[PDB]
Ligand SMILES: NCCCNCCCN
């Protein structure tokens, strides 16, 4: 007990060296595995029931998982770096008092573009991706809520709607986008842009930065309205066997030197205030990472949709198959 840790997380987030460092420091073996979406993570936790000590839901999955008895309370007294978290990302209605989730990574989705291949001024909004000239060229995120977010935004509906008529209208709108779609990728989304398989599509800010670090000219065009904002938080599954190890890993990732060093490698913003303050000006004011104020004001954080989540999934699965 607590000699190992079963950690299930998003791809891109933890460099291999970081896990080696954790094991070096604690003597705790990490059995690490990754996922590309909340929907894949969730389906896995439902099938297995137990088997994981840590999982990383986006904030729009936290309330659902708590209500379904899938999570357990996190002890803040075991997290010496809880004080380092930015208060602006804490104590939200999805998890009052952060009893079930700890802010870990926040990011945004815009339009990824290869500037050596295509023109920046030719795209300003999500709806521009529907243009006929993009036939068989786009990458979309492999994420039901993000893909529906862009169509709902295009239609002038809330990207967090629970209205089945609006969800169906977004599905019909997305069917018109499908001739422009080459791939759906949320696993290693920087890789199609790096390989030149795609020059345009949806892209996370972190993924675009990683592509730039490898020498590719991958920028982010921030849609004028409807830019997606999201946050991933760490949670402890209800059946966790290694609770002490789980808190040790959360605290290790909250450690400002770790959160800052990792942010510089993966290209994502951090909700750890102390770590954010350690970031160089070049990273902190990178326009493809941190959206301008107008983009923030006209964008939307991904929020829970309650039982309508099944409807988003059903239609997104239909889009991917047909
Ligand atoms: N590797 C980046 C993970 C982003 N997870 C949150 C996605 C929310 N739609």
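Each answer follows from the model by the rule given with it, or from the source it names; nothing here is a laboratory result. Cβ sites come from the backbone with ideal geometry, for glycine too, and all protein chains shown count toward neighbours.
Table: residues versus (1) within 30 Å of residue 302 (Cβ to Cβ); (2) away from the ligand (no atom under 13 Å from the Cβ); (3) surrounded by 14 or more Cβ atoms within 10 Å (Cβ to Cβ).
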position	(1), (2), (3)
3	no, yes, no
9	yes, no, yes
13	yes, no, yes
16	yes, yes, no
22	yes, yes, yes
25	no, yes, no
28	no, yes, yes
35	yes, no, yes
38	yes, no, yes
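Report, ordered by the first and then the second residue, all pairs with beta carbons closer than 8 Å, sequence separation of six or more or different chains, a first member in region 272-290 that is free of Cβ contacts under 8 Å to residues at least 40 places away in the same chain, and a second member that is surrounded by fewer than 18 Cβ atoms within 10 Å (Cβ to Cβ) and part of a loop (DSSP other than H, G, I, E, B). Final answer for the pair search is 284/290. Among the residues of region 63-78, those that are assigned to a helix (DSSP H, G or I) and without any contact (Cβ under 8 Å) to a residue 12 or more places away in the chain comprise 67, 77.
Could you check region 243-276 and list, in sequence order, the residues that are more than 13 Å from residue 82 (Cα to Cα), away from the ligand (no atom under 16 Å from the Cβ) and buried (at least 23 other Cβ atoms within 10 Å of the Cβ)? Result: 245, 246.
Quick one: in region 4-19, which of the residues that are without any contact (Cβ under 8 Å) to a residue 24 or more places away in the chain and over 16 Å from residue 251 (Cα atoms) is farthest from the chain's Cα centre (by Cα)? Lay out the reasoning, then the answer.
From region 4-19, those without any contact (Cβ under 8 Å) to a residue 24 or more places away in the chain are 16-17, 19; that's our starting set.
Cutting the leftovers down to over 16 Å from residue 251 (Cα atoms) gives us 16-17.
Details: 16: 19, 17: 21 Å.
The extreme case among them is 17.
Tallying residues that are within 10 Å of the ligand (Cβ to nearest atom) and surrounded by fewer than 22 Cβ atoms within 10 Å (Cβ to Cβ) within region 207-230 yields 1.
Being out of contact with any strand residue (DSSP E or B) (no Cβ under 6 Å at 6 or more places or on another chain) and closer than 26 Å to residue 304 by Cβ holds for only one residue in 207, 235, and it is 207. The criterion of being within 16 Å of the ligand (Cβ to nearest atom), touching a strand residue (DSSP E or B) at 6+ places or on another chain (Cβ under 9 Å), in a loop (DSSP other than H, G, I, E, B) and in contact (Cβ under 8 Å) with a residue 40 or more places away in the chain does not hold for residue 52.
Among the listed residues 194, 200, 279, which satisfies the condition of being touching a helix residue (DSSP H, G or I) at 6+ places or on another chain (Cβ under 8 Å), more than 13 Å from the ligand (Cβ to nearest atom) and in the same structural domain as residue 44 (by CATH)? Please lay out each step first, then the result.
Numbers: 194 fails: in the same structural domain as residue 44 (by CATH); 200 fails: in the same structural domain as residue 44 (by CATH).
279 is the lone residue from the list that is touching a helix residue (DSSP H, G or I) at 6+ places or on another chain (Cβ under 8 Å), more than 13 Å from the ligand (Cβ to nearest atom) and in the same structural domain as residue 44 (by CATH).
What about residue 267, is it in contact (Cβ under 8 Å) with a residue 12 or more places away in the chain, in the same structural domain as residue 160 (by CATH) and in contact with a helix residue (DSSP H, G or I) (Cβ under 7 Å, 6 or more places away or on another chain)? Working first, answer last.
Working: in contact (Cβ under 8 Å) with a residue 12 or more places away in the chain: yes; in the same structural domain as residue 160 (by CATH): no; in contact with a helix residue (DSSP H, G or I) (Cβ under 7 Å, 6 or more places away or on another chain): yes.
So residue 267 does not fit the description; no.
Just one of the numbered conditions (1) closer than 18 Å to residue 107 by Cβ; (2) in contact with a strand residue (DSSP E or B) (Cβ under 9 Å, 6 or more places away or on another chain); (3) in the same structural domain as residue 61 (by CATH) is not true of residue 256: (1).
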